Amino acid sequence: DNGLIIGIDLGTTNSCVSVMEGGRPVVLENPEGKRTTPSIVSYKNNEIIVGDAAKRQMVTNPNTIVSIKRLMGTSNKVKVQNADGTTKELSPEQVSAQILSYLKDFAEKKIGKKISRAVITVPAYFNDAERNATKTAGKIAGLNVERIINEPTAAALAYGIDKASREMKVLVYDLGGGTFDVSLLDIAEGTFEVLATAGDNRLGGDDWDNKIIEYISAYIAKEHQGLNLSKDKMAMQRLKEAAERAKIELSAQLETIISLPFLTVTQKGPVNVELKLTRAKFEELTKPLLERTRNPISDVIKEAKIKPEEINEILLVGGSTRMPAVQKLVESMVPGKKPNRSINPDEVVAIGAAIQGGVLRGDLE
Ligand SMILES: Nc1ncnc2c1ncn2[C@@H]1O[C@H](COP(=O)(O)OP(=O)(O)NP(=O)(O)O)[C@@H](O)[C@H]1O
Ligand SMILES: [Mg+2]
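Count the sequence shown with this note's numbering and you get residues 5 to 369, in order.
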């Protein structure tokens, strides 16, 4: 009853699990060797597949469920089809529980012990029904959910901001795969207060991917008309994979090559893609997405009735904050301050959850 409390970031796009070990948070690798796991679940009767293997069929398999977080707290159901043609209705709690179960299972094997306790994170804007859905998901997965904490709070814990000696105002800019959250926190006496939030729950790294897809589709259109490219699910799965890969490479390099031999066929033979995409062109194509992240910063400043100079620290959270242009935009909006991105931005929320778990378990060594 007083064992380890793991920390879980249950994201729209990806999930991550961490635990305290020897007085430091450790991020646990899944069985594919990855430190994050896609929040994606595929159903084949009783055989349920989670994570990377499910992401590889997200476009091609009608019984693969993505983006379930968006339904948490509602009584909407998702449907999957059994082998015998009957339909199975699933709650968001049930599908989320499969992601939580997968994390729990591989965590147990890595740690070498059974695990029955967790802290799970949620967006700051989640209401009681949304939080309760998340707790229920944990319960279905065999986890006593010791606390639900907010994602920006978790990130601040990871950076140790609660240990600050003076009162701190902290801006959290969190750009994930599906959603964009800006939060202004006040941390005083080791307690967190959310002063203001803003953002767009329909804006995230997927949109940047989708712009590259749009671009490739327009390239194809210069040489081919009437292809009906969307109806080719195989082609669409490949385009999504290629787009995300190209985007990621452009966070580190100034150019990337998109190569898609035999993408689809026309009456004159195969359609191929060989395109060099520079960072500058990628940034021009995605400028409207980037710019949409600016006003939410100013929104939180306005609502909290602060001046920009009152922001003591900025935290970059979410995988998309690896993009150079995003970093630059944030710098431009809080002049003088160097944002924090030293803790891997797609692990920082889970790390904070794990620190919260250690605190709840007690025992100072
Ligand atoms: N190096 C990189 N450069 C650019 N984008 C990246 C990089 N690494 C990861 N991403 C993107 O980060 C996004 C996933 O962010 P992540 O923070 O893991 O999502 P999440 O926690 O599920 N949050 P959310 O989707 O908003 O509910 C995807 O769009 C990835 O392609
Ligand atoms: Mg996130």
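No residue lacks a Cβ here, since even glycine has one placed at the ideal position from N, Cα and C.
Measuring CA to CA, which of the options is closest to residue i?
i	options	result
residue 21	322, 69, 124	124
residue 66	92, 357, 119	92
residue 207	291, 240, 284, 281	291
residue 243	275, 179, 18	275
residue 371	245, 320, 126, 58	Limits of the chain in this structure are 5 at one end and 369 at the other, which puts residue 371 out of reach.
residue 19	323, 289, 50, 264	323
residue 316	331, 294, 340, 327	340
residue 327	364, 254, 297, 53	254
residue 128	226, 70, 157	157
residue 220	165, 289, 194	289
residue 259	249, 268, 173	249
residue 240	268, 108, 230	268
residue 76	285, 140, 200, 33	140
residue 238	266, 175, 30	266
residue 163	366, 368, 354, 369	354
residue 282	234, 133, 216	216
residue 352	5, 7, 11, 6	11
residue 71	103, 85, 52	103
residue 205	73, 345, 33, 49	73
residue 312	293, 174, 138, 286	174
residue 333	307, 294, 31, 358	294
residue 224	198, 262, 256	262
residue 273	138, 34, 146, 231	231
residue 13	321, 325, 331	321
residue 246	314, 228, 222, 279	279
residue 89	126, 48, 203	48
residue 369	25, 210, 6	25
residue 307	113, 284, 189, 36	189
residue 336	110, 347, 367, 297	297
residue 96	86, 138, 55	138
residue 1	226, 165, 236	Shown here, the chain extends from 5 to 369; a query on residue 1 therefore has no answer.
residue 46	62, 113, 227	62
Could you please give the first and the last residue of the uninterrupted alpha helix (DSSP H) stretch that includes residue i?
i	result
residue 219	209-227
residue 238	237-256
residue 23	Note, residue 23: premise wrong, no alpha helix (DSSP H); beta strand (DSSP E) at 18-25.
residue 39	From DSSP, residue 39 is part of no alpha helix (DSSP H); its letter is neither H nor E.
residue 294	291-296
Which residues share a DSSP beta bridge with residue i?
i	result
residue 5	Beta-bridge pairing links residue 5 to no other residue.
residue 318	175
residue 202	186
residue 259	282
residue 13	20
residue 137	DSSP output for residue 137 lists no bridge partner at all.
residue 363	The partner list for residue 363 (beta bridge, DSSP) is empty, contrary to what the question assumes.
residue 231	DSSP output for residue 231 lists no bridge partner at all.
residue 29	24
residue 122	10, 149
residue 264	277
For the beta strand (DSSP E) containing residue i, list its first residue and its last residue.
i	result
residue 170	No beta strand (DSSP E) contains residue 170, which DSSP labels as neither H nor E.
residue 278	273-282
residue 35	No beta strand (DSSP E) contains residue 35, which DSSP labels as neither H nor E.
So residue i packs on residue j, CB below 8 Å; how close in whole Å?
i	j	result
residue 171	residue 191	7 Å
residue 159	residue 15	The pair is not a contact, with the Cβ atoms about 13 Å apart (cut-off 8 Å).
residue 148	residue 121	5 Å
residue 17	residue 180	6 Å
residue 151	residue 364	6 Å
residue 338	residue 310	Not really, about 11 Å apart at Cβ, beyond 8 Å.
residue 304	residue 200	4 Å
residue 8	residue 23	6 Å
residue 53	residue 101	Actually they do not touch by this definition, with Cβ atoms about 14 Å apart.
residue 108	residue 115	Residue 108 to residue 115, Cβ: 10 Å. No contact.
residue 360	residue 161	6 Å
residue 301	residue 186	6 Å
In chain order, which alpha helix (DSSP H) runs of at least 4 residues are fully inside the stretch 41-120? Within the stretch 41-120, the complete alpha helix (DSSP H) runs of at least 4 residues are 56-59, 96-115.
Requested in this report: Return the chain-ordered ranges of every alpha helix (DSSP H) run that is complete within the stretch 142-199 and spans a minimum of 4 residues.
Outcome: Taken in chain order, the whole alpha helix (DSSP H) runs of length 4 or more contained in the stretch 142-199 are 155-162.
Self-check item: Continuous beta strand (DSSP E) assignments of at least 3 residues falling wholly in the stretch 299-361
Solution: Restricting attention to beta strand (DSSP E) runs no shorter than 3 residues, the stretch 299-361 encloses them at 317-321, ordered along the chain.
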